[PDB]
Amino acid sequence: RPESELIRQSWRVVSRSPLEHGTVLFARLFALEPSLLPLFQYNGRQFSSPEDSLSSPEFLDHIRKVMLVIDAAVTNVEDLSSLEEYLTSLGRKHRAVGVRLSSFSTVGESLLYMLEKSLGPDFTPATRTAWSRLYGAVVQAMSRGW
């Protein structure tokens, strides 16, 4: 894939500061779909507002985990089947905790939003399409699990 280098080059920016960038992704996600806020429950409490999630060490650690799994997809962008079973197992964990398959698009839109805002003019049409394809391949792998 020639778009493998578009993904690698565009991820370098974000990968140097994964929590700041992941913070944009989750801020966007809760602005688009605040009904996902209750899925993140730590110490038996529900976040009242999206800004409450940003004060939780557990939640910020969850952001870091998400960013490491996207980073792994980037590392394996030229295949992606090297991570197939890890992603199917990650999908099984999602279904277990009550996440719906239909919510995948909103997370993808939040990731694309975060990339658009970080790269500016460098988030070219080809770069956008390459990320949509990567994300789609990741979600397909995770979808085996429902």
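Throughout, we count residues from 1 along the sequence that is shown.
- Once the C-alpha B-factors are averaged per stretch, 91-99 and 26-34 rank with 91-99 first.
- As the entry records it, the average C-alpha temperature factor is higher for 81-89, out of 81-89 and 52-60.
- Split the chain's modelled residues into thirds by C-alpha temperature factor. Residue 125 is in the highest one.
- In this PDB entry, residue 13 carries a Cα temperature factor that places it within the highest third of its chain's modelled residues.
- Compared with the other modelled residues of the chain, the Cα B-factor recorded for residue 46 ranks in the middle third.
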